[PDB]
Amino acid sequence: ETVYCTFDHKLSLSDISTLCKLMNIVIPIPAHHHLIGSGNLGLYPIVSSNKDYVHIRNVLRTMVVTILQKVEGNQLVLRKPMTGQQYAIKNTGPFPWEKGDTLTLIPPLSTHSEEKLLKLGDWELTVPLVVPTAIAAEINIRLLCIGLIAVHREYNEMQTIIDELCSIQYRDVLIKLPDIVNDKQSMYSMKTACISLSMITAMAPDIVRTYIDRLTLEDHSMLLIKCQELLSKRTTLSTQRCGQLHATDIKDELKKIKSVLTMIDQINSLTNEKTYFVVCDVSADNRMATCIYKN
Amino acid sequence: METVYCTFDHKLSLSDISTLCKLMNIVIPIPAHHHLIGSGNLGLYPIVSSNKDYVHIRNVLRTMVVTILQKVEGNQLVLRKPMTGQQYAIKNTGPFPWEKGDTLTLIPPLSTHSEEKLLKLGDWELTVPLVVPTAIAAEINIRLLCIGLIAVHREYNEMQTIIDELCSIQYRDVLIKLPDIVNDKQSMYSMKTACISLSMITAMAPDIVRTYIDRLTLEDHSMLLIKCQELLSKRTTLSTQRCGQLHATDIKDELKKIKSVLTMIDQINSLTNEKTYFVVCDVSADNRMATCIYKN
Amino acid sequence: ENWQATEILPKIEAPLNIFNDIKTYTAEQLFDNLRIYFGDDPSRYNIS
Amino acid sequence: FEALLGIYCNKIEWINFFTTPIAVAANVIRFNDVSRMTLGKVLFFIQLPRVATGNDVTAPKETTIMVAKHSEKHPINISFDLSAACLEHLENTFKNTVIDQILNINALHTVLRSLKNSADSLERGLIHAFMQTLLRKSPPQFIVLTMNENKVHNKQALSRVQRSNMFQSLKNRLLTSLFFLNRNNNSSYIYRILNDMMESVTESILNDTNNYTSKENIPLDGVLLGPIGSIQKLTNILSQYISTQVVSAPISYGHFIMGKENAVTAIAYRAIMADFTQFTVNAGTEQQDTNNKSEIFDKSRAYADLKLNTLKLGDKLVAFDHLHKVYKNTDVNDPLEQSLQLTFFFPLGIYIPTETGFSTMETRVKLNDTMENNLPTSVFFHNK
Amino acid sequence: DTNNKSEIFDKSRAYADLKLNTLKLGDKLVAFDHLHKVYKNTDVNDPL
Amino acid sequence: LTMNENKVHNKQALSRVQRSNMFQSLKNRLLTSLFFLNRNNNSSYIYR
Amino acid sequence: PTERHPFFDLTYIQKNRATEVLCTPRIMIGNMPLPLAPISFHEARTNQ
Amino acid sequence: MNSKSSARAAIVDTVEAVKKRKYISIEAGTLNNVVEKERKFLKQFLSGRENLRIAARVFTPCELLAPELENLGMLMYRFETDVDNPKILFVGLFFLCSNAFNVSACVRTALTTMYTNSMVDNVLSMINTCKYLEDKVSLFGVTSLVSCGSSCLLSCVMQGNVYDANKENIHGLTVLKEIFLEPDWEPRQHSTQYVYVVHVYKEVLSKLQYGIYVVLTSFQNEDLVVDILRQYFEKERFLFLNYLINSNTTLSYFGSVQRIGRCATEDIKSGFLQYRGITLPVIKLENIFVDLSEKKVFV
Amino acid sequence: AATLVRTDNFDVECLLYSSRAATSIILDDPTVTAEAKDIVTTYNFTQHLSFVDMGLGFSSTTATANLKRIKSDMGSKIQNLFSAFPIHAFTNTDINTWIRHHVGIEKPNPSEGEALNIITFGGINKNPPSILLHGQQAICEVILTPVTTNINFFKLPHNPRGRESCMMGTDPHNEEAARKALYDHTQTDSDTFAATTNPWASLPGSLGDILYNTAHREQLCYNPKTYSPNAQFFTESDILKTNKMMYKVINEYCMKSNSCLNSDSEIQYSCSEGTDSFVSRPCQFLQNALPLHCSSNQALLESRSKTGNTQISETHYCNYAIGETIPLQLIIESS
Amino acid sequence: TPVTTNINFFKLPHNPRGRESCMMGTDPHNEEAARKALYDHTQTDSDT
Amino acid sequence: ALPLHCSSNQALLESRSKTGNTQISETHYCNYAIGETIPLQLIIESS
């Protein structure tokens, strides 16, 4: 199945040459549909206009991957990939592809000093970065660290610690993560993601405490011992002032567990990263690579 | 080969064959993986006589091999075994409006009050599992795990006061509920591992994170934030405050700890998360049949 | 952009193209590719 | 017994493009490579005539203007499926059994009627896409009338006094001529405003002798098309001026093929000169600047005759119809039915100063003296 | 799929000629009458 | 008369705004055109 | 340009010869400026 | 009916469908200019819509491939290396099951005596100095076409049945009999089972030791298979719960499972390999549709 | 006091005129393609069209003809700003609980940090009104002086910014003089010796600018589905683009008829996909709104209902009554 | 009540239940939302 | 149901009978008179 895209404005000769440079690329698409305009081609109709990063990560999980095949006189042929078959992907990201790597889509590191591959009358074209899975995990963890420590004040080493977070290296290609001092160009701000992590790490100990303080007569024999160890190692002085001195409602415990489980299945987006492509061979000079399509 | 022929053992009626003509393009799971099946292995009634436990029916429904109804002819009944990544049309049974673009899972039948107007024929019924969105499938699995954690707390009438508030849920203007959870020990194993992971999240949680709560309360202020302040004020059953707030370039240890916390969260999500069986592309205007490009 | 094609090459006449006097149109930027010149510009004759 | 009677089926009517009167606005020419065409453009050459100035007035120089019009492009599609069982019963018979014969004939009629339905759907999609583009182009009537009223001098583009009075005239035209059929009843007035439309609209470029020509060579001039709810009232108020006449109309699409010249220049220079061979052979001769027919726009096509509901607006014969007969049973709306959004504003609690206060309409109402009556706190108004 | 006549609906029957009070409403000829001549003297009323 | 004006547009189902404005139109048609031969006298109106 | 929010009086103050924009909440209703709340209006609210 | 005729009709239909996938009709004007070799090639005009298996050519120094240049069909592992000269390097399943801990000492030493040289010793030192295992070395596919030149050329199958060409002697995955185990109540339940690879770590008081397991089960669903593997590994899982906090090595789980692909129940047969006289018991899976899913970790 | 603004949607039949052969269409032979799947075989027929528009002037016009209906309520359900900007809060829990209590919002504790995509990304109402009698309604809100003169301001078509903001009196391609027109009060407005009538709407950084301009709405989070009928007056990044020359303004206007705005589902939402055919917004084009027949009490409203004099505005002592500028009730009664 | 407003209630065709109970504004085949329309006063009625 | 021509006293009812204005509803201080929505008396007078 193919997809035709007819642009909305006119294109310069340099723009058509840009497309001929970009004649193989992944493009995400909202509607699984045959005729799509440039008003909905790409990801800039979603990022920059709507909540960013975590809904962006959910959306990049849930949109339709579709690769460029051929550029006509003014139209775009986009073939949408079938599972289990080979395709060919050009290398736009900085990190070098190698054979047998799994590939995934991360949102672009949205510094507004990028060359803005097309910029066609307040519309621009944004692609996700195809990247190996290990680097995708590493980028996700570095971004959550930046978004956590950017809210703290009065670290006098805050500039060098943000710099040591932003500088990552993978197979001799450096990149600086553009979420520096909260320039707000696209920080992505990740505030529910850090809030969700800290709601988990704060509501965890008392929920496992209220469960484990009950039904030890039955011979579970493993869980009871493990929680005592795990809880009283880190939180060694456990529950001195107690807050309310053990006046809880069963409905309150219900609401605690229901909330702490909502947080997990809604941070499901940053939970996993699926392997969109498994590259089998890579062409010479690392221009493009023939891969197979999965998920 | 891929095609399976179901042949009913018991005879039927013309109202029955009219219902089977109505009932076309419905996913029916079979345990056999054979080319010929009888009415003994069609559907889910050959398992829902054993204790009727919803977790048990869900587990074996995961073990099932799903097929799609095609071309009811005579008393024979064609079932296509759907291939990977291909497109198939599915008639819907779950009481939902079925917005496109979402993933679908396959869930045991939530027992409504009215008996099924589908097929009841000689002490044998056609138990068809529902097809639901993945988000409400995860919601149901949350509710079951939550009833496990709370029904450990052995009470009298407090179980009822929890259950009647809990079970009736509303997703896309639709009320559903799941009764008669005898709270077997099979949910207790699936809950023990959640308990393990919460213990480890606690022990491997870094110093940035619990600090980040209080620091964002001091920096920003919001009603929504207050709701989280209300939870942290309503339970203060830990109270173990840390010593140092310097963060003097411990950054690799911080990365290692945050990777661990995320991975334990992924384990609890792998508990509560059910497998997407279908991906909707095109929906009829009736919201009655819809196309998918994915078969387990 | 090619305007000496218009300046040199064969042209088909056409009756009543306009009503509101393209002075106003050109002055208020109605068009997409327009080009005006007042005196007879010589750069149609520099054919390379 | 239960008796069931005869099965009655629908017959879908057939929409030729050149039967509907949108095709007098259209001029449609097959050209098999707009899948590879980047930009179609037409280039127009206007030289302005000037007046001779009086004594000691600076004469305006000779003004030469070129305008280039580009091509929008727009695809349409139609999908229809065939089921696997219908595809099985389509092509073969497994045996000479009667049920196999019946289902074979049924599947054959299913495929044939589905192909017919898809062709009808492509024709109606052409109708709808062209109506879409006309409504995207068409500015509203108060803007068109105000721009016909306001013109310019050579010296500078539309002075600030001109455009401010233009804005105030836009206010006045909008607030008077908004809801048109509903306010008045005068056939004289409504005929006058339709005359104002047909004088406001500018004329096209191509004057073919036979495209939509009446008897004895009088060309029809444009189409006025509305929805049926408008046009029933329009016939009831303008039945003096509505006639039906037989007009020589085209029936087939124009057809254009490249030559080796055009294909070679498309390969070498990414471009096409249309009318290339006339454009080549009229070069060295005297008749350079003259050329007679544009092959891409004027091309020999078959003609026929058909009837059209016409009006006469000051010696102007105009086709006049509704597209409801092709939007009878369609999922898309008639796009002439469009929504307005008017924004309203109103106060509450405005304290009029007591110090310069007054009242007219003293004889009509009389309040009871209470400061809730003597200060506005609420505001009352009517609903729909 | 084609069928010409429906025997349960179309059947050969004898024809005659009679008069009716007609109206003309935009090229629509409509019979126009009252049933009082069959409700002249009965045990019921005219159901209109 | 109200149903032919408020025929279902080609969308998924009959809409709430559609049927509510249809109900208000029912009120208005009933309170205007109820007693038909008795209120007006325009033969043009009654013929209409 | 001084009036920006009807609850908040804004001004300019000088500390170390910098012009120092300054927002300060008008607490009471009378501290709104008298061209923005006239004294007859306060007497009318009082009579309420 | 006739039966024999309809059977021949179906066989002719399958052969003609194979030809429709294999060759392409040419609508070039096809003039009489060309020589007869180009004539018959323009009449046939093959395309690669026939094999439908996905392979990859691979170059590896031949010191590492000691039994695997002789015994076709093996798991292979990509080891990325900080050396720029060779960025990736390829590894046998047995070469990594040497320092896996599941293997008993007799089989471990026996295989090592196969795998004793300077290159293999240096690579094992590199693998041990790596922190974790699963994302410095990784699963790559199944072996076919060993060339054994100077630098040996290995083809390797990503997806589809394992064969070089001719679709003859379709090789099978060879799993060491000690390292595999099937956790399910009924082993070999009804029909074709899915073969997985499980990496499990362990800590003997100083360092991490990895273990390479291969499981065969009737379950397709990955949540079900990690739920049966937690029940299998609950004790050592508990030991890592104590280790992973006091450690500082960058890992966050106990193990990970990844699907190799389908098998068949009747296509499971025992046997033994032998290289340089070392008899070595294996379970030879016969026909395997290789299907790599994602790695799924469990803690 | 307060200028309340409200938009209303009208079902309008609306005819078109176009000169003959005004624009040419070139098409491809409809291409056949087939996707052979395991349950169906789908045939797709595609066709490319191009349109060249041969007339130079506007060879096609379109005039509003006749009302069908009014899908708007013309009700009074004001914009629930606690659901429009549902992220904000007062500091103390007691204060915020009492404010939510007294203004009567449902669901007063959002649980946003738990489930924020529910309410940052847009609070899904999950329940329409169980009864609905007149269609859609939505009413926005501008806070104001009790001083602002009625007869200068409220009785006429006028921008509720206070200072009028119509770019048909501004130098084209002069954004400096444009911002001086939208903000300067060293200069005067026209129509009065009064550069302002709402010094909390017109002024920069006032409660017009900090509340309804999308340049600050995108900073302070909100539901994108919530329709605000005053963004069309206070968004200034979408009026400095209207500061162009006149034919570009009206070409941009008639190209702005994608009509993303629906007229379904009990209240004015603003979905942004452009499935609907066409809308036309003359208030958007002229950058002012219209006065409607409101009054101060039932005393003045009864004499208005007696004489029918909804056009002429009239005032009592401190009770005022505004005259309507388009007699749409008479329009509906005429059809 | 002696308090019920005339002009909102009595001067118009209106249900004397006080709250209006016309099923042409309710979701068809939705008895729960129907009884919410006939009984609920967390919600408002229309027209006031 | 429908509103019909009622009033609070004969004072309002006599002026209603004078001007015939049974449609427009009008109020005194605490006395009110409700306008009729169907002029059925005029209907019966017309036939």
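What the entry reports as its method is cryo-EM, with 9 Å given for the resolution.

### Quick look at the nonpolar core
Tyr211(A), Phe277(A), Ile201(B), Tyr77(H) and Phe95(H) are the most contacted members of the largest nonpolar core, which totals 239 residues. A total of 13 residues in this core trace back to one element, the largest contributor, which is helix α5 (residues 191-212) of chain A. Excluding anything up to four places from it in sequence, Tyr211(A) contacts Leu223(A), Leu149(B), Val152(B), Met188(B), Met191(B) and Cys195(B). Counting 76 residues, the second largest nonpolar core, distinct from the first, contains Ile46(D), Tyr247(I), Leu292(I) and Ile326(I).

### Focus on unusual backbone geometry
All names here are of chain B. Located in the positive-phi region is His-247, a residue other than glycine, with phi close to 55 degrees. The class for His-247 is buried, based on a relative accessible area of 11%. The residue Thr-249 is not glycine, and still its phi comes out positive at about 55 degrees. By the secondary structure assignment, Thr-249 is in the loop between α7 (223-234) and α8 (251-272).

### Some words on a nonpolar patch on the surface
Residue and element names in this part refer to chain H. Taken together, the side chains of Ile-24, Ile-26, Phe-41, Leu-42, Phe-45 and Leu-46 define a hydrophobic patch exposed on the protein surface, amounting to about 490 Å² of accessible area. Within the secondary structure layout, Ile-24 lies in the loop between α1 (4-22) and α2 (36-44). The class for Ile-24 is partly exposed, based on a relative accessible area of 35%.

### Topic: the packing of helix α3 (residues 134-151) of chain B against helix α4 (residues 158-166) of chain B
Residue and element names in this part refer to chain B. Following both chains from N to C, one finds α3 and α4 inclined at 170 degrees, their axes separated by 11 Å at the closest point. When the interaxial angle is binned, α3 and α4 end up roughly antiparallel. Residues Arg-143, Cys-146, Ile-147 and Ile-150 of α3 form the contact with α4, whose own contacting residues are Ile-162, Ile-163 and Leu-166.

### A word on the packing of helix α2 (residues 54-63) of chain B against α3(B)
Residue and element names in this part refer to chain B. Relative to each other, α2 and α3 sit at 135 degrees, their axes nearing to 12 Å. In terms of their interaxial angle, α2 and α3 are classed as oblique. Every pair of crossing elements has a handedness; the one defined by α2 and α3 is left-handed. In contact with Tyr-54, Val-55, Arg-58 and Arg-62 of α2, α3 contributes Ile-140, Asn-141 and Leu-144. By residue class, the composition of the contact of α2 with α3 is 4 nonpolar, 1 polar and 2 charged.

Cut-offs and rules
- Residues numbered from 1 in each chain as written, not as in the entry; some residues may be left out.
- Chains lettered and ligands numbered in written order.
- Part of a larger assembly, values for the part shown.
- Heavy atoms only, no water.
- Core = buried A, V, L, I, M, F, W, Y, C linked by side-chain atoms within 4.5 Å.
- Buried < 20%, exposed > 50% of the residue type's maximum accessible area, 1.4 Å probe, protein only.
- Helix = DSSP H or I, 4+ residues; strand = E, 2+ residues; numbered from the N terminus.
- Contact = heavy atoms within 4.5 Å.
- Patch = residues over 30% accessible without salt bridge, like charges linked within 9 Å, V, L, I, M, F, W, Y side chains within 5 Å.
- Areas by Shrake-Rupley, 256 points an atom, 1.4 Å probe, with all protein chains shown as cover.
- Salt bridge = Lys/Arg side-chain N within 4 Å of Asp/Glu carboxyl O.
- Axes fitted to C-alpha atoms, helices over the stretch in contact; angles between N-to-C directions.
- Parallel < 35°, antiparallel > 145°, perpendicular 65-115°, else oblique.
- Left-handed = near helix turned anticlockwise from the far one by under 90°.
- Nonpolar A, V, L, I, M, F, W, Y, C, P; charged D, E, K, R; others polar.

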